[PDB]
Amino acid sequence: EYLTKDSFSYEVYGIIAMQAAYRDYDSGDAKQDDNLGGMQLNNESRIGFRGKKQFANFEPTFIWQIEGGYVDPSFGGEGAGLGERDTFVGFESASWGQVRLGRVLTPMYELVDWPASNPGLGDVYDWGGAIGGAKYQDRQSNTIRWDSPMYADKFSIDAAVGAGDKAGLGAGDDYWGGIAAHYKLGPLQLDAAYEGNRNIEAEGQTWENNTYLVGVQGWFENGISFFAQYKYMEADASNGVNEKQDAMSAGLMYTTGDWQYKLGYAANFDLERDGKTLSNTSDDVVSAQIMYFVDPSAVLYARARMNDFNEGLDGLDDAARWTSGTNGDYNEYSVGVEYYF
């Protein structure tokens, strides 16, 4: 008659996240600036379901999750389905960690996103950049991913392979594989990652991409913390063209009582095609944030950032290649709340 934790085979969880963001664009076209700029709300709130089950006849515990998408992001319409964010089944056991099948972050993307896309560094460092093909996937369906245990309390590995975007619709044979490693050393964590994408169809060619990342995170007792990463992207097209572009991201934090101050910087350097530097193909971003720990489950923040994007380039089909800079440079001021349950 009376319920316990065991009465249910699932848990609802949520991230309630609302940002009010004012953008000021300087694209060169005043109408486009009026259109893209101004105040919006960016509602990144999402609901998920998850659970576990010890099957009677198999030792590794079954796990599963189904996570909804952002319910009303800026620049988009209302509503999200279930299964748009990390959504998987899997198994776990103490001695070998976990394996997940479904829709998860790639090992490389996970590091690109956290720590290195925060606060607002993502237009440059996440999906920014000018390279052809596919530098990496991000959250990707049709994936198998292994997460190792924390060996000797210090070292862990994440490895995955998956189908590409066209392959997932029965429209291509693209695929990828990736791996990351993490090592904890006193106040530091060292990070390294790789992703290779193959059979990528774009601009009339087939591409292979290889992306490499090295990074550090540190947390010191006097309240200073930081991160830094360097990311190296290479791409080869089936007509013989080679491209390379590198990038970096860094952040510095000072935490005192219920406050975190943060500065962030990220940059993509000029792209190189067949040994030649394409001028003005770099991007950068500077960001400042103050965050208040309003509760153990929530934060309030204020943020200011300035994005200075590349001036454009063509792809290998002689048409403009789309980048995060195609819509122009902008600055943004924002405030927000996030709450976790």
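Note that residue numbering follows the sequence shown and begins at 1.
Which of the two stretches, 11-19 or 317-325, shows the higher mean Cα temperature factor in the record?
Mean C-alpha B-factor is greater for 317-325.
So, looking at the entry's B-factor column for Cα atoms, which has the higher mean, 64-72 or 49-57?
Result: 49-57.
Going by the CA temperature factor in the entry, name the top one among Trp114, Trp219, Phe88, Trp127.
Highest CA B-factor of the listed options: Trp219.
Tell me which of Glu203, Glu84, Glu110, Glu78 tops the list for C-alpha B factor in the record.
In this record, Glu203 carries the highest C-alpha B-factor of the candidates.
Could you tell me which third, lowest, middle or highest, the C-alpha B-factor of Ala30 occupies within its chain?
Tercile = highest for this residue's CA B-factor.
When the deposited Cα B-factors of this chain's modelled residues are ordered and cut into thirds, is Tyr2 in the lowest, the middle or the highest one?
CA B-factor rank for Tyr2: highest third.
Divide the modelled residues of the chain into thirds by Cα B-factor and specify which third, lowest, middle or highest, holds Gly102.
CA B-factor rank for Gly102: lowest third.
Would you mind checking where the Cα B-factor of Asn197 ranks among the modelled residues of its chain, as the lowest, middle or highest third?
Within its chain, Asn197 is a lowest-third residue by C-alpha B-factor, going by the deposited values.
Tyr265 - which third its CA temperature factor falls in, relative to the rest of the chain
Middle third of the chain for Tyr265's C-alpha B-factor.
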